[PDB]
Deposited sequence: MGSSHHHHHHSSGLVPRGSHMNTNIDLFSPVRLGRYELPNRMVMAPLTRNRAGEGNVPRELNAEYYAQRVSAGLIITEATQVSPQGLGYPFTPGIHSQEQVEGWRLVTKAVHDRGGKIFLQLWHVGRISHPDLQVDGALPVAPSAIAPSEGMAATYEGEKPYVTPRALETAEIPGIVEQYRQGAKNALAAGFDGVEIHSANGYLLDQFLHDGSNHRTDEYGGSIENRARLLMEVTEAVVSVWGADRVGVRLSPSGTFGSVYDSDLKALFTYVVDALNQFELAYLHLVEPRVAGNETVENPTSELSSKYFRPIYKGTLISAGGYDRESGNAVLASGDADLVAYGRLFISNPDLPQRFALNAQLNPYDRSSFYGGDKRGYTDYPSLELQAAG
């Protein structure tokens, strides 16, 4: 098995084991609606065995950065249909990454200056909010009421139904990188004393409920979950990160989702640790190249290998890797925001 070998992923037969990782690009149109430029971009990358979209908010409440697309409105459904059609016209597979930023936002990004919501009224210790005006200090978020938790689950349920209507092949639940679900999981960011805080089971409960709701919409073989055991991004810490992720990964084996997507870490909490704990398909991401991607597949510790930055600058990464060709350099300055430049103008091979 290598990067070029076919693989089964839930209800699909993919032609290779290379995944385009989810990548926020901040290039949405009016009302956070995807646009023709975004469809071009994903279409250029269809040689990935599977594309995961940029994180996509399930509500205005759940947005935390400028110009990110949503999946809550009919207009957004119709914008994403541009993307699904473009990808499917070229025979590719695409899953939409369902997002809620939780506390990683700012009143200036919120309608009417509402506080961001979170498991607890605890600001991130580190970093700054990314507002339309520039960076600003985070404010303390508002703790969700217990009777608000159903509403959160419904945002994910409706966003999953909207993705389905838009023509995606599936969805990925973003439970990584210090966003709302991950803020629930960590006991440094979750100090609740209802059934969504306290024990590890309780801190994992919102993720389990969201996953159950999303599976009911799509079928489990069209649903993935992404987590970050060694992920501290978003000022998210926990006393026993291992045990916490050891039960969360063991609780996802009862949902039988298409895959579990892990951000790799040095911390023990790699795919080598989780392989005997998870019982499905594993996608591994973070810092891979061609050599290291083949290696992790050779080791048996992961089934697919996701690539982020190299997919930004190499739309035909799989062919470049096959032919041992040189890659285009990536320009970090145009990762987040802007126009076609550093987005759709990186060339495939001649």
{"item": "Deposited positions lacking CA coordinates", "value": "1-24, 290-300, 386-390"}
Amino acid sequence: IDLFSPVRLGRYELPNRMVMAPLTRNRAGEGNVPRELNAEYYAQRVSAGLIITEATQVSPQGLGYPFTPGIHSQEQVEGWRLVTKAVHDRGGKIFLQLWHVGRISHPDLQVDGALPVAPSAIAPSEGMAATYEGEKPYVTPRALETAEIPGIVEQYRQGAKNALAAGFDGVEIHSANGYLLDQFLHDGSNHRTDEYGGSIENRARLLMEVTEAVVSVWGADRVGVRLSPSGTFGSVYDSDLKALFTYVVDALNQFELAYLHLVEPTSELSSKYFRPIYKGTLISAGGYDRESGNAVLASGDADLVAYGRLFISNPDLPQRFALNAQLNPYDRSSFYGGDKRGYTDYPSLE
From here on, numbers count along this sequence of modelled residues.
property: Residue stretch of maximal mean CA temperature factor, 133-141 vs 208-216; result: 133-141
property: Which of 178-186 and 76-84 has higher mean CA B factor, as the PDB entry lists it; result: 76-84
property: Among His191, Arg90, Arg203, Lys161 - the residue whose C-alpha B-factor is largest in the record; result: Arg90
property: Top Cα B factor in the deposited entry, candidates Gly102, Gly224, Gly127, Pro150; result: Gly127
property: Entry-reported Cα temperature factor of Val19, expressed as the chain third it lands in; result: lowest
property: Chain thirds of CA B-factor: placement of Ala258; result: lowest
property: For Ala121, the third of its chain into which the C-alpha B factor falls; result: middle
property: Third of chain Cα B-factors occupied by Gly49; result: middle
property: Cα B factor band for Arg157 (lowest, middle or highest third within the chain); result: lowest
